[PDB]
Amino acid sequence: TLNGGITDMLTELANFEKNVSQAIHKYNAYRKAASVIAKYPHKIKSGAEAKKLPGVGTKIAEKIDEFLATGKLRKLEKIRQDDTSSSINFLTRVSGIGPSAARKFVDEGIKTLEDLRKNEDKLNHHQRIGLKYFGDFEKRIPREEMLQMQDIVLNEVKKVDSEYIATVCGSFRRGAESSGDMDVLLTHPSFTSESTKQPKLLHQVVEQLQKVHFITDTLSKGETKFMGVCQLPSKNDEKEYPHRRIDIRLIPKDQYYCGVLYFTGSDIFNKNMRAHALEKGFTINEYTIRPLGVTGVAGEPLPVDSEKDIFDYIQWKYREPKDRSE
DNA sequence: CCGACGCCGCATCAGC
DNA sequence: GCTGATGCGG
DNA sequence: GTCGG
Ligand SMILES: Nc1ccn([C@H]2C[C@H](O)[C@@H](COP(=O)(O)CP(=O)(O)OP(=O)(O)O)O2)c(=O)n1
Ligand SMILES: [Cl-]
Ligand SMILES: [Cl-]
Ligand SMILES: [Cl-]
Ligand SMILES: [Cl-]
Ligand SMILES: [Mg+2]
Ligand SMILES: [Mg+2]
Ligand code: NA
Ligand code: NA
């Protein structure tokens, strides 16, 4: 937190541009600046010093100078004062309300938590769940609770079929001391890039977790991705744990390493690695790394037997998950 | 100066 | 129904 | 908003 004041400023700017301006590239520009400053190992003393970093340009350098001189940014002070912007920013904090729905709601005069409750009939299913658990979804998950959740998921998956492999990814696999949610990568030998020899592979796992009352609600569910809600069991007389977001990704077993690279993140790390891949003539998704032809169309998948193989193709030194939290 | 900015699953809607 | 575009979030 | 060519 050497530069926490500056990085906070940039994150609030990114959030404004995404939620209010609906300018996604400015959102990513600010987040990239925040990320490169967050790993800068000195306490930044000037905008000129910051502008040396890749992704900090003239405009952000000027803002950093204003912030360093005064402790504030007038642009943000004005934004915090604006009723419509503040209302749109707030509504997007509900899971399932994005910038478009938030502005639509605010236009209809729906601007507060109380307004959302009174107008629950105007919400789709995802948004209704996000409003129901708004408070809980604001709380972090201590790693100690992540470890308990991991134990339940891995044991329940094993009971369905001992040939499943479940891997907790996301910030947890990066070693974080707390997480916003739980991300579970799932494989089964019957599901590969070549064939699907069994149906309902994800369904069966979801059903087992619902059966033991771990999964409590479903936000979305398809053949390979589940997004929903779970809760640790509590003891007699003890307050219930907060409800938590969980999302599960079933990945073809022969594409495990591309999948665990993707699901480990961070999101900014994935964007930077995939951008570097492109510069090196490759494209990376959660399934494959493919070379780009002379016209730039993806070729055939390249052999991959470890995460490190993917780094080697694009000429990056390997980075352990804990060093991927960008 | 300017185009390019990672890549994709699921829910929902419009148009047919 | 299906396809394609869009919103949202992983 | 930033940057590479
Ligand atoms: N825009 C995105 C978003 C996510 N991903 C990948 C990388 C991320 O780590 C994983 C889980 O996302 P999550 O949304 O769960 C974020 P995570 O890194 O797990 O941190 P927490 O806030 O503690 O959950 O999904 C991506 O590639 N592109
Ligand atoms: Cl933009
Ligand atoms: Cl401020
Ligand atoms: Cl792979
Ligand atoms: Cl692919
Ligand atoms: Mg996560
Ligand atoms: Mg997640
Ligand atoms: Na720079
Ligand atoms: Na939201």
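Just so we're on the same page: letters track the sequence lines, and every chain starts at 1.
When heavy atoms are screened at a 4.0 angstrom cut-off, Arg245(A) is found touching the sugar-phosphate backbone but no base atom. Within the nucleic acid shown, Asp247(A) comes within 4.0 Å of sugar-phosphate atoms alone, with no base atom in reach, counting heavy atoms only. Within the 4.0 angstrom heavy-atom criterion, only backbone atoms of the sugar-phosphate kind lie near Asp183(A); the bases stay farther away.
Comparing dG1(D) with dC8(B), their P atoms are spaced 29 Å from each other, to the whole Å. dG9(C) and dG6(B) are spaced 15 Å apart, taking the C1' atom of each and rounding to whole Å.
Rounded to a whole Å, the CD1 atom of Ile289(A) is 11 Å from the P atom of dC7(B). Note: CD (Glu286(A)) to P (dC7(B)) measures 11 Å, nearest angstrom. Look at OH on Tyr27(A): it is 12 Å from P on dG6(B), rounded to the nearest Å. To the nearest angstrom, P of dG9(B) lies 11 Å from CD of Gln255(A). Straight-line distance from the CD1 atom of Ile246(A) to the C1' atom of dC10(B): 17 Å, rounded to whole Å. The CG-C1' distance, from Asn270(A) to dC7(B), rounds to 9 Å in whole Å. Taking atom CD1 of residue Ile24(A) and atom P of nucleotide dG7(C), one finds them 11 Å apart after rounding to whole Å. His126(A) places its NE2 atom 6 Å from the P atom of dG10(C), with the value rounded to the nearest Å.
Sugar conformation at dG1(C) is north: the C1'-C2'-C3'-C4' dihedral has a positive sign, consistent with the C3'-endo side.
Scanning atom types as modelled, no donor and acceptor separated by under 3.5 angstrom connect the side chain of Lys26(A) and the base of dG1(D).
In this structure, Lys271(A) does not reach the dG6(B) phosphate: none of its side-chain N or O atoms is under 4.0 Å from OP1 or OP2. Contact annotation: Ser220(A) does not reach the phosphate of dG9(B) (side-chain N/O to OP1 or OP2, under 4.0 Å). Under 4.0 angstrom from either OP1 or OP2 of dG9(B) there lies at least one side-chain N or O belonging to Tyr287(A). Dashed line: the shortest gap from a side-chain N or O of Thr58(A) to OP1 or OP2 of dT2(D) is not under 4.0 Å. A close approach under 4.0 Å does occur between a side-chain nitrogen or oxygen of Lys59(A) and OP1 or OP2 of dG1(D).
Distances from the side chain of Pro99(A) to the nucleotides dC8(C), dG10(C), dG1(D) place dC8(C) closest. Closest to the side chain of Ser100(A), out of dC5(B), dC8(C), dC10(B), is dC8(C). Nearest to the side chain of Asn285(A), among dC8(B), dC5(B), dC8(C), sits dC8(B). Of the candidate nucleotides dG10(C), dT12(B), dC7(B), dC7(B) has the atom nearest to the side chain of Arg274(A).
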### Task
Could you please spell out the steps behind the salt bridge (charged side-chain N to carboxylate O under 4.0 Å, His left out) verdict for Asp323(A) and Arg174(A)?
CA-CA 7 Å; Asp323(A) 295 317; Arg174(A) 303 195 307 272; over 6 Å; no

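With values rounded to the nearest 0.5 angstrom, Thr224(A) atom OG1 is found 6.5 Å from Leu250(A) atom CG.
Checked against the 6.0 Å centroid threshold, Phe90(A) and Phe134(A) count as a close aromatic pair. In this structure, the ring of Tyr27(A) has its center no less than 6.0 angstrom from the ring center of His25(A).
In this pair, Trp316(A) and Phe269(A) present their aromatic rings tilted. The plane angle is within the 30 to 60° band.
Considering all non-hydrogen atoms of both residues, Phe16(A) and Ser85(A) come closest at CE1-OG, 3.8 Å.
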